[PDB]
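Some notes on the structure that comes next.
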Amino acid sequence: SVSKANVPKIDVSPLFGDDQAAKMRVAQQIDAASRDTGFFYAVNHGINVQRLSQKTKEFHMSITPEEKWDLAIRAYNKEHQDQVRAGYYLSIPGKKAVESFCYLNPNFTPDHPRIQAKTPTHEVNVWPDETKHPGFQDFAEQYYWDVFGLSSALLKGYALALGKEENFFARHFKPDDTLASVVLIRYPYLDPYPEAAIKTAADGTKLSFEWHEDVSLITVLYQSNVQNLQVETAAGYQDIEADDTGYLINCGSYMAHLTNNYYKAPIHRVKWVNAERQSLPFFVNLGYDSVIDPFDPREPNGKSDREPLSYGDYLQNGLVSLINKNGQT
Ligand SMILES: CO[C@@H](C)[C@@H](NC(=O)[C@H](CS)NC(=O)CCC[C@H](N)C(=O)O)C(=O)O
Ligand SMILES: [Fe+3]
Numbered sequence: 003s004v005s006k007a008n009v010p011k012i013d014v015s016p017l018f019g020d021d022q023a024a025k026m027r028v029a030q031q032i033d034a035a036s037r038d039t040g041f042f043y044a045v046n047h048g049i050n051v052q053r054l055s056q057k058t059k060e061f062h063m064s065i066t067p068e069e070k071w072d073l074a075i076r077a078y079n080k081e082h083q084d085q086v087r088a089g090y091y092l093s094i095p096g097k098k099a100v101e102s103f104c105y106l107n108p109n110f111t112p113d114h115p116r117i118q119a120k121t122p123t124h125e126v127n128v129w130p131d132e133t134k135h136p137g138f139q140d141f142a143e144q145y146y147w148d149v150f151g152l153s154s155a156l157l158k159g160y161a162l163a164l165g166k167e168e169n170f171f172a173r174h175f176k177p178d179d180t181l182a183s184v185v186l187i188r189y190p191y192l193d194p195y196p197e198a199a200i201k202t203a204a205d206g207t208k209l210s211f212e213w214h215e216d217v218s219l220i221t222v223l224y225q226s227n228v229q230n231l232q233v234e235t236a237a238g239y240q241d242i243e244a245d246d247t248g249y250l251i252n253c254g255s256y257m258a259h260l261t262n263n264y265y266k267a268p269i270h271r272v273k274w275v276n277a278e279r280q281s282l283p284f285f286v287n288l289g290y291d292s293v294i295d296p297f298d299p300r301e302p303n304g305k306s307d308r309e310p311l312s313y314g315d316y317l318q319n320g321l322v323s324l325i326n327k328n329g330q331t
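Heads up: the sequence shown begins at 3 in the deposited numbering, then just goes up one per residue.
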């Protein structure tokens, strides 16, 4: 009834090493995948995803309602005016099923110059009490760095794929200032599952989250082995198979901008599934003042009629618009 999307499995291990020819062969596969459905699985990525899953499960299943208010973002807790991005996003039983915890760069500390300046989109992370969640903060911060590593390698692949030197994106993706986020999303099993938490697409498909493009350079996603994603193709919406051993990778609308839509931000959506599962994105965001000059890999002189857009500008307005379009998560 719905056809399977072409989502290749790409061994990205050469992107960590020094074999330039092998790196170019990976880059070709990323180009291919980016020009086709816009999705691929990164395999041989080196990340312990089963441990991520386990640690995340321990957290979601032990956090209490009291803790969630204490950690809640501003949209749920008016007292937490600084928490626009980082913290807990509550469920609303009977209305909204999904809940999550988002955290930013661990280097956004109280002394960070961007935190001092109160620059939008920079926040100091909030964490649960260590005795209630032993090891969690340390685990999560280390995870950030492990997926940051993977991400840097991927960005070397995308840069090569676009005819650039391998540090073309990665030079703007830096430990000290990246706006990248981790979200630890819980999609619950509910019996009965409230109809109010289920959206219906124009084509009749039951959804948890409507069609959209990502607010990211690239999105680096772990999920449970429960099929849920669809991508819009010329042949209609197609199902993206689950693979809980790989990371699902796609471009966001910043990459679209930079490449003049050579690498499109694929339009996708999340089907409603009544299952207890995890969706753990890392949104690969650059620095607040990062600007890459837009170019066009299909044009002889490489020139584009797109204007430079700073990442911070892109991100703050992106995140607002996505809430407007698709609802407060
Ligand atoms: C596969 O979809 C994934 C990534 C997940 N969806 C999302 O995470 C959605 C749409 S990409 N993203 C968002 O809602 C943006 C969140 C940004 C975050 N609060 C930040 O401050 O950086 C899900 O709904 O399971
Ligand atoms: Fe998305």
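The C-beta atom is built at its ideal place from N, Cα and C for all residues, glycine as well.
Check	Outcome
Close Cβ partners of residue 363 (< 7 Å) along its chain, the five nearest in sequence each way excluded	The requested residue 363 is not part of the displayed model; the chain covers only 3 to 331.
DSSP state of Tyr249 mapped onto helix, strand, coil	strand
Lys25 - containing alpha helix (DSSP H), residue span	22-37
Helix, strand or coil at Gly289 according to DSSP, with G and I counted as helix	coil
Pick from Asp33, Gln22, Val14, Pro10 that is closest to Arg300, judged by C-alpha positions	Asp33
Distance between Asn252 and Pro16 (C-alpha atoms, nearest Å)	19 Å
Opposing strand residues paired with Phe42 [DSSP bridges]	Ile251
Heavy atom of ligand 3 within 7 Å of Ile187 beta-carbon	The model on display carries ligand 1 and ligand 2 but not ligand 3.
CB-CB length for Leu162 against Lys25, believed under 8 Å	6 Å
Other residues of its chain near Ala198: CB distance less than 8 Å, five sequence neighbours each side excluded	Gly96, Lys97, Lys98
Contact between the stretch 126-146 and the stretch 221-228 (3+ Cβ pairs under 8 Å)	no
Residue 2: CB within 7 Å of a non-hydrogen atom of ligand 2	Nothing can be reported for residue 2, as the shown portion of the chain is limited to 3 through 331.
Continuous beta strand (DSSP E) stretch holding residue 333: start and end	Residue numbering for the chain in the displayed model covers 3 to 331; residue 333 lies beyond these limits and cannot be assessed.
Closer than 7 Å: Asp216 CB and nearest ligand 1 heavy atom	yes
Per-residue DSSP class, three states only, for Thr235	strand
Burial state of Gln85 (16 or more Cβ within 10 Å)	buried
Extent of the continuous beta strand (DSSP E) to which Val272 belongs	270-273
For residue 333: DSSP bridge partner residues	Residue 333 is absent from the structure shown; the chain starts at 3 and stops at 331.
Contact check, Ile200 vs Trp129, beta carbons under 8 Å	no
Three-state class that DSSP yields for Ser312 in the structure shown	coil
Where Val286 falls, given that 16 or more other Cβ within 10 Å makes a residue buried	buried
DSSP bridge partner residues for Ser15 (one or two, in chain order)	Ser15 is not bridged to any residue.
Chain-order list of residues whose beta-carbon lies under 8 Å from that of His174 (same chain, five-residue window excluded)	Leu288, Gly289, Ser292, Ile294, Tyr313
Whole-number beta carbon distance between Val233 and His270, since they are thought to touch under 8 Å	5 Å
Proximal residues to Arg76 (C-beta, below 7 Å), its chain only, five neighbours per side dropped	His82, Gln83, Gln85, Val86
Three-way DSSP call (helix, strand, coil) for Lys6 in this model	strand
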